[PDB]
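What follows is a set of notes on a single structure, which appears directly below.
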Amino acid sequence: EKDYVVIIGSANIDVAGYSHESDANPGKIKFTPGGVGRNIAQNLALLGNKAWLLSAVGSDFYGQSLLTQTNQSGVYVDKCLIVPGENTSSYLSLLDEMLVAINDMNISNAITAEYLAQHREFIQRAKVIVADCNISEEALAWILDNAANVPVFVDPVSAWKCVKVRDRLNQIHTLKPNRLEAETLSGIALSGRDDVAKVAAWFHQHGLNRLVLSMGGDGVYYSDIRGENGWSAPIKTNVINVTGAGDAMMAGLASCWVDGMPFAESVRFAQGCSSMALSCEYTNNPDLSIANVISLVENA
Amino acid sequence: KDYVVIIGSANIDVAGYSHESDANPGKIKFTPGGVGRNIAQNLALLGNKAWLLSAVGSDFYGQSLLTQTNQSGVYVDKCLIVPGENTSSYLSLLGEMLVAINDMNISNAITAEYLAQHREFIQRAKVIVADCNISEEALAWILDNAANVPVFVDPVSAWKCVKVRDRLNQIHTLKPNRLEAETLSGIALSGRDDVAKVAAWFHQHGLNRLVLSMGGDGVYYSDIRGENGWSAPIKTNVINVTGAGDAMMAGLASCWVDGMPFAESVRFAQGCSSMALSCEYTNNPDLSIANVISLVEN
Ligand SMILES: O=c1[nH]cc([C@@H]2O[C@H](CO)[C@@H](O)[C@H]2O)c(=O)[nH]1
Ligand SMILES: O=c1[nH]cc([C@@H]2O[C@H](CO)[C@@H](O)[C@H]2O)c(=O)[nH]1
């Protein structure tokens, strides 16, 4: 089939260092593919979609390895950028539960409007576009201004990076904030479940088509500007690794949209994807598939 | 058609610098590391045909470590890619160093069986450099099968050096720092007054040549045949101390292979160390005979 999805976002090398026996201590150090956009792209390939990553890595060899590893999970990485003389962005975590974390993502800024415009007609012929908020405001504005009626799904990434979305909700098809992100955007505290209707009305008054609000233990509240809303309860999971849960949920939303699925069922399915990510030791679960998510959901 | 063989570990060093002081912005640098791998790179840069015998895992980042190493001149074609293992790494949080993690278990994949599959190739090298990251069995194998090829040994750390203690009579040149020499000999190196005694210990235990680096005090060198002396440090603007010992070791082995006398080899080696010290990286990209000679003649 000649249908594809375009993901525009960041590709990181995650580095986790675990202390044992808590100067130079022995321990375990794991390099993994990371970055919200790259992760999403990988989950979409595993969900069986033709996925193209538009992203940036540097010439530091390890950048090329990141791309290669990503390509092997199914992702089309050929249009990605290899920036001369820059380092490949990275997310470093010192664990024991995370003690300290460093965030080195300046190369995100190389994902420019000029870069994207050189692939304009290719982006405009995608079935859906997914964008994360690691990219600059100019680059996100470019995507939203040139989507040519292709739905743009936006992953807000963090309370800090989500704000670039506030003035452009009327250009985003589906937004998936967590509690802190939705509070930051709307300026309305999400104290309890009682507050979500008000926060959702805020998002829709500001032009957002569809809100997928994840509220942790409280579940997911979903709301469509056309009137449909509801709560979906969490899928009980024994959680091994929370990293990648949101990336899984975003991938499942977009895949379900492209597959022709209704909103409420797409949200439940997305929750299942997330659940698969949660019970896996990795940022992405290699066993994520329509089959297994369907099996995980129907058994509930 | 002459070459040098280096047997040791190949790491990815990761330096994370906390910037403004949770998820903190900062800088994270991935670089090639590992004593053996570093030495091999310095030897290629000094113009020698250098072959690395080492182990990396199948984690893609391993393959690129090899590729980057190769790009610096090193023949990486005989290295091991261990299925379903991770590439060893040295993680550092820095500003001075706060914490550092050491993940080097793949070192154990550099086995006696592995080396024996390249036995005749190792036995035709001009010199063999081995680091003490490898297991005691693997180091014993090298020393037992060097077939009269000189083995230069980098002791790596006070912890890892001890595997050398019972086999000094098989090692051509050993390059310990103060702490390593103290750990091996059991003789404290309190002041300069102690080196003669430490050196006599090493020679009574069969070591051919000692190159003892004493930090600020310089380098003390001693040959079992009688020659010994102090060489004063090369006054350097130190930017990055990582890699200084690896440059010094490379320079010793290169100078030996080049036919140089001991004392001149030590001065030259110090110059290499100096180039490494004044550089931002674990290896200086500008390391060369030309530049070391030019640095030394002053
Ligand atoms: O600011 C950011 N921090 C962390 C990530 C990545 O989130 C992944 C989990 O969702 C994780 O891989 C990290 O690299 C990002 O893309 N932007
Ligand atoms: O036990 C060890 N710690 C650190 C290193 C490496 O030393 C390099 C500097 O000499 C540095 O690259 C590290 O990887 C090693 O090989 N073994």
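Letters A, B, ... mark the chains of the structure tokens in the order given; residue numbers begin at 1 per chain; ligand numbers begin at 1, in order shown.
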Report as number ranges by chain all protein, DNA and RNA residues lying within 8 Å of segment 189-198 of chain A, evaluated on only C-alpha atoms, omitting residues in the same chain fewer than 6 positions from it. A: 179, 183, 218, 221
Distance limit 9 Å, reference ligand 2, atoms considered: only C-alpha atoms and all ligand atoms. Which residues make the cut? Give them as JSON, numbers by chain. {"A": [24, 26], "B": [8, 9, 10, 11, 12, 13, 14, 31, 32, 33, 34, 35, 36, 37, 38, 39, 88, 89, 90, 91, 101, 102, 103, 104, 131, 132, 133, 156, 157, 159, 160, 241, 242, 243, 244, 245, 246, 247, 282, 283]}
Fewer than 2 positions away in the same chain doesn't count, so skip those; otherwise give me all residues within 12 Å of segment 256-258 of chain A, counting only C-alpha atoms, as JSON, numbers by chain. {"A": [3, 4, 5, 6, 44, 47, 48, 49, 50, 51, 126, 127, 128, 129, 130, 150, 151, 152, 153, 173, 174, 210, 249, 250, 251, 252, 253, 254, 260, 261, 262, 263, 264, 265, 266, 267, 268, 269, 270, 271, 272, 273, 290, 293, 294]}
Write the residues of the selection above to a file with C-alpha atoms, as an mmCIF file, in the first residue's frame.
data_model
loop_
_atom_site.group_PDB
_atom_site.id
_atom_site.type_symbol
_atom_site.label_atom_id
_atom_site.label_comp_id
_atom_site.auth_asym_id
_atom_site.auth_seq_id
_atom_site.Cartn_x
_atom_site.Cartn_y
_atom_site.Cartn_z
ATOM 1 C CA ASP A 3 -0.419 5.173 2.400
ATOM 2 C CA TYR A 4 2.090 6.470 5.001
ATOM 3 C CA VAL A 5 2.378 8.517 8.180
ATOM 4 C CA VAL A 6 4.905 11.349 8.748
ATOM 5 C CA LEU A 44 3.643 3.188 14.544
ATOM 6 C CA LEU A 47 1.534 -1.161 14.667
ATOM 7 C CA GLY A 48 2.013 -1.970 10.991
ATOM 8 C CA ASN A 49 2.046 1.548 9.515
ATOM 9 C CA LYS A 50 4.480 2.878 6.898
ATOM 10 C CA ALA A 51 6.211 5.489 9.072
ATOM 11 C CA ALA A 126 0.738 11.708 4.350
ATOM 12 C CA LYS A 127 -2.437 10.162 5.792
ATOM 13 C CA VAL A 128 -1.673 11.707 9.197
ATOM 14 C CA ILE A 129 1.119 13.912 10.580
ATOM 15 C CA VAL A 130 2.418 13.500 14.120
ATOM 16 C CA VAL A 150 -3.836 16.429 6.684
ATOM 17 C CA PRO A 151 -4.701 15.909 10.380
ATOM 18 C CA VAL A 152 -1.861 16.878 12.732
ATOM 19 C CA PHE A 153 -1.636 14.910 15.985
ATOM 20 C CA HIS A 173 -6.572 17.666 15.079
ATOM 21 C CA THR A 174 -5.760 15.745 18.238
ATOM 22 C CA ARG A 210 -10.073 16.549 19.970
ATOM 23 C CA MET A 249 -0.597 5.974 23.484
ATOM 24 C CA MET A 250 0.093 8.649 20.832
ATOM 25 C CA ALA A 251 1.048 6.024 18.237
ATOM 26 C CA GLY A 252 -2.125 4.058 18.953
ATOM 27 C CA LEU A 253 -4.335 7.156 18.580
ATOM 28 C CA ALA A 254 -2.851 8.012 15.217
ATOM 29 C CA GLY A 260 -10.827 4.359 10.301
ATOM 30 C CA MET A 261 -11.649 3.761 14.026
ATOM 31 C CA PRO A 262 -14.143 5.786 16.121
ATOM 32 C CA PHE A 263 -12.804 8.208 18.759
ATOM 33 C CA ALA A 264 -13.799 6.357 21.943
ATOM 34 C CA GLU A 265 -12.560 2.967 20.651
ATOM 35 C CA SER A 266 -9.326 4.593 19.411
ATOM 36 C CA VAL A 267 -8.744 5.906 22.950
ATOM 37 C CA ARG A 268 -9.275 2.466 24.514
ATOM 38 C CA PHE A 269 -6.967 0.891 21.956
ATOM 39 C CA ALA A 270 -4.383 3.623 22.651
ATOM 40 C CA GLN A 271 -4.610 2.831 26.376
ATOM 41 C CA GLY A 272 -3.806 -0.790 25.489
ATOM 42 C CA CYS A 273 -0.701 0.241 23.539
ATOM 43 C CA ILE A 290 -2.417 -4.829 16.740
ATOM 44 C CA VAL A 293 -3.052 -4.864 22.032
ATOM 45 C CA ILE A 294 -6.404 -6.229 20.804
#
Where does DSSP see strand (DSSP E or B) in segment 31-256 of chain B, if you list the residues as an MDAnalysis selection string? chainID B and resid 31:33 50:53 55:57 75 80:82 89:93 99:103 127:131 151:154 173:174 177 209:213 219:223 228:231
Report as a ChimeraX atom specification which protein, DNA and RNA residues come within 7 Å of ligand 1, using only C-alpha atoms and all ligand atoms. /A:10,12-14,33-37,39,90-91,103,134,157-158,243-244,246-247,283
Skipping near chain neighbours, those fewer than 3 positions away, what residues fall within 9 Å of residue 16 of chain A using only C-alpha atoms, listed as a list in words?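 The residues satisfying every condition are residues 28, 29, 30, 31, 32, 91, 92, 93, 94 and 95 of chain A.
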For a quick test of understanding: name the residues of chain A lying within 6 Å of chain B when counting only C-alpha atoms, and present them as a ChimeraX atom specification. /A:23-28,61-62,65,100-104
